[PDB]
């Protein structure tokens, strides 16, 4: 896979934007997932009763999902490939994890980065994350 230095530089800087206010931006992330995938609270316990900003898991889970996706960009840049941990592959083997759902999560994350970067947003930025995620998602899908 073709992932450039500049693409990584973008992924990194937008991620730091995220990390500036994870509390704020994680709300966006889950609000989005539930609007598009309402079954998603049967799966995610901490979302059982809607988006609970008091639940500490909400920001833990989000920081960890965003970071992994960054890691990927970093990997594509380093190795031209992405590798997924065994455990991450094992939990996503459940039937709730469908192609249609990969989209939802994806659109939710780009939606969250946007709000995080503001006017610094562009197709270019959207594309590097896009790659980062899609390359990881496949790395999960069978690994």
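Residue numbers count along the first chain shown, from 1.
Looking at 107 to 115 and 92 to 100 together, the entry lists the larger mean B-factor for 92 to 100, computed on C-alpha atoms. Just going by the entry, 2 to 10 versus 134 to 142 on mean CA temperature factor gives the higher value to 2 to 10.
When the Cα B-factors of 69, 76, 28, 39 are read from the PDB record, 39 comes out highest.
Annotation for residue 127: CA B-factor lies in the middle third of the chain's modelled residues. In the PDB entry, a CA B factor belonging to the highest third of its chain's modelled residues is recorded for residue 34. Per the PDB record, residue ranking by Cα B-factor puts residue 43 in the highest third of the chain.
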